[PDB]
Structure formats: C-alpha cells, structure tokens
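Visitor: Structure in structure tokens, see below.
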Amino acid sequence: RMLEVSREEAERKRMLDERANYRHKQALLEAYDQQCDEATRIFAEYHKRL
Amino acid sequence: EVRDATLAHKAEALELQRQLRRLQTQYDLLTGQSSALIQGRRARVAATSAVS
C-alpha cells in the first residue's frame with residue numbers, strides 16, 4: 001500500500017512554478033530575438049532591398 | 001509468584017494489539033491519504049510537455 005509516489009512533487013516544483021514567473025524566459029527570448037530584431041533593424045531602410 | 005506465568009503473555013498481548021492498532025490506522029487509511037497527490041501527476045507533466 002505504499003502507493004503514493006512523490007514524482008508529482010518532483011513535478012509540483014515543475015508543473016506551474018514556470019508560469020508564476022512566465023515572463024523571465026520572454027526577457028531572454030527577447031535577447032535571443034534581439035539578434036533577429038537587430039538584424040531586422042539593420043535590414044529596414046537601405047537593406048530593405050536585401 | 002504465579003502471575004509471572006500469566007503476566008508474561010500479557011507483555012506480548014499488548015505488543016500485537018499495539019501493532020494491530022498501528023496496523024488498523026493503516027489498512028484503509030494509507031489509500032485514503034497516500035493518493036492525495038496522485039491526481040497531480042496527470043497534469044503535473046502535461047504542462048511540462050506544453051512548454052515544448
């Protein structure tokens with residue numbers, strides 16, 4: 001009757017603590033997309049032809 | 001003098017009932033409480049695959 005398995009606890013830390021600060025990752029994704037954005041920034045007016 | 005012949009079995013008598021009540025609070029009381037977080041594991045990993 002040891003039918004408890006704390007793998008839920010290991011995932012309790014995992015299940016929704018990500019969403020409690022869901023916007024930490026988006027700040028870094030902005031940094032990763034910054035090189036995409038800055039490349040888009042430098043491909044805007046004269047490099048629009050590119 | 002003779003009660004020791006009978007008080008001897010008393011020590012084991014209280015031993016097994018003390019186990020039994022320790023058993024009794026664990027026959028159908030384990031499943032009542034050890035499965036409280038079992039419901040989580042269904043959705044505790046669904047969100048884990050959601051970020052992918």
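Letters A, B, ... mark the chains of the structure tokens in the order given; residue numbers begin at 1 per chain; ligand numbers begin at 1, in order shown.
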At a cut-off of 7 Å, can you tabulate as JSON lines every residue of chain B near chain A together with its closest atom pair and the distance in Å to one decimal, using only C-alpha atoms and ordering rows by chain then number?
Guide:
{"residue": "B:30", "atom": "CA", "partner": "A:1", "partner_atom": "CA", "distance": 6.5}
{"residue": "B:31", "atom": "CA", "partner": "A:1", "partner_atom": "CA", "distance": 6.9}
{"residue": "B:34", "atom": "CA", "partner": "A:4", "partner_atom": "CA", "distance": 4.7}
{"residue": "B:35", "atom": "CA", "partner": "A:4", "partner_atom": "CA", "distance": 5.4}
{"residue": "B:37", "atom": "CA", "partner": "A:8", "partner_atom": "CA", "distance": 6.5}
{"residue": "B:38", "atom": "CA", "partner": "A:4", "partner_atom": "CA", "distance": 6.6}
{"residue": "B:40", "atom": "CA", "partner": "A:8", "partner_atom": "CA", "distance": 5.8}
{"residue": "B:41", "atom": "CA", "partner": "A:8", "partner_atom": "CA", "distance": 4.8}
{"residue": "B:44", "atom": "CA", "partner": "A:15", "partner_atom": "CA", "distance": 4.7}
{"residue": "B:45", "atom": "CA", "partner": "A:15", "partner_atom": "CA", "distance": 6.4}
{"residue": "B:47", "atom": "CA", "partner": "A:15", "partner_atom": "CA", "distance": 5.8}
{"residue": "B:48", "atom": "CA", "partner": "A:15", "partner_atom": "CA", "distance": 6.3}
Visitor: Take the selection from the previous step and output its residues with N, CA, C and O atoms, as a PDB file, in the first residue's frame.
Guide:
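Saved result, result_31.pdb, follows:
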ATOM      1  N   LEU B  30      -4.066   4.255   4.557  1.00  0.00           N
ATOM      2  CA  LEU B  30      -2.984   4.556   3.624  1.00  0.00           C
ATOM      3  C   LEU B  30      -3.531   5.025   2.282  1.00  0.00           C
ATOM      4  O   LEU B  30      -3.122   6.070   1.764  1.00  0.00           O
ATOM      5  N   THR B  31      -4.466   4.264   1.708  1.00  0.00           N
ATOM      6  CA  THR B  31      -5.032   4.637   0.416  1.00  0.00           C
ATOM      7  C   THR B  31      -5.824   5.933   0.507  1.00  0.00           C
ATOM      8  O   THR B  31      -5.951   6.654  -0.490  1.00  0.00           O
ATOM      9  N   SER B  34      -2.400   8.579   1.034  1.00  0.00           N
ATOM     10  CA  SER B  34      -1.216   8.494   0.186  1.00  0.00           C
ATOM     11  C   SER B  34      -1.530   8.791  -1.273  1.00  0.00           C
ATOM     12  O   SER B  34      -0.608   9.048  -2.053  1.00  0.00           O
ATOM     13  N   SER B  35      -2.805   8.768  -1.656  1.00  0.00           N
ATOM     14  CA  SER B  35      -3.221   9.059  -3.020  1.00  0.00           C
ATOM     15  C   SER B  35      -3.698  10.495  -3.193  1.00  0.00           C
ATOM     16  O   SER B  35      -4.311  10.814  -4.217  1.00  0.00           O
ATOM     17  N   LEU B  37      -1.945  13.241  -3.696  1.00  0.00           N
ATOM     18  CA  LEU B  37      -1.215  13.880  -4.782  1.00  0.00           C
ATOM     19  C   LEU B  37      -1.116  13.012  -6.030  1.00  0.00           C
ATOM     20  O   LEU B  37      -0.437  13.404  -6.984  1.00  0.00           O
ATOM     21  N   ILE B  38      -1.764  11.845  -6.044  1.00  0.00           N
ATOM     22  CA  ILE B  38      -1.771  11.011  -7.244  1.00  0.00           C
ATOM     23  C   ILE B  38      -2.447  11.745  -8.396  1.00  0.00           C
ATOM     24  O   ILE B  38      -2.019  11.647  -9.553  1.00  0.00           O
ATOM     25  N   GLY B  40      -2.279  14.741  -9.157  1.00  0.00           N
ATOM     26  CA  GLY B  40      -1.424  15.749  -9.762  1.00  0.00           C
ATOM     27  C   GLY B  40      -0.642  15.231 -10.954  1.00  0.00           C
ATOM     28  O   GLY B  40      -0.538  15.908 -11.979  1.00  0.00           O
ATOM     29  N   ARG B  41      -0.112  14.007 -10.851  1.00  0.00           N
ATOM     30  CA  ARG B  41       0.825  13.502 -11.851  1.00  0.00           C
ATOM     31  C   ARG B  41       0.232  13.463 -13.253  1.00  0.00           C
ATOM     32  O   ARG B  41       0.988  13.449 -14.231  1.00  0.00           O
ATOM     33  N   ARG B  44       0.634  17.206 -13.853  1.00  0.00           N
ATOM     34  CA  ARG B  44       1.932  17.713 -13.423  1.00  0.00           C
ATOM     35  C   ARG B  44       3.003  17.536 -14.491  1.00  0.00           C
ATOM     36  O   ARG B  44       4.065  18.159 -14.395  1.00  0.00           O
ATOM     37  N   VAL B  45       2.747  16.708 -15.500  1.00  0.00           N
ATOM     38  CA  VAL B  45       3.653  16.560 -16.634  1.00  0.00           C
ATOM     39  C   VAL B  45       3.043  17.041 -17.940  1.00  0.00           C
ATOM     40  O   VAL B  45       3.779  17.194 -18.928  1.00  0.00           O
ATOM     41  N   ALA B  47       1.789  20.050 -18.456  1.00  0.00           N
ATOM     42  CA  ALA B  47       2.373  21.374 -18.644  1.00  0.00           C
ATOM     43  C   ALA B  47       3.861  21.289 -18.953  1.00  0.00           C
ATOM     44  O   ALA B  47       4.412  22.190 -19.596  1.00  0.00           O
ATOM     45  N   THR B  48       4.527  20.223 -18.498  1.00  0.00           N
ATOM     46  CA  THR B  48       5.935  20.031 -18.828  1.00  0.00           C
ATOM     47  C   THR B  48       6.126  19.852 -20.329  1.00  0.00           C
ATOM     48  O   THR B  48       7.083  20.376 -20.909  1.00  0.00           O
TER      49      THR B  48
END
Visitor: From a DSSP pass on the backbone, collect the residues of chain A flagged as helix (DSSP H, G or I) and hand them back as a ChimeraX atom specification.
Guide: /A:7-15,19-21,23-41,47-49
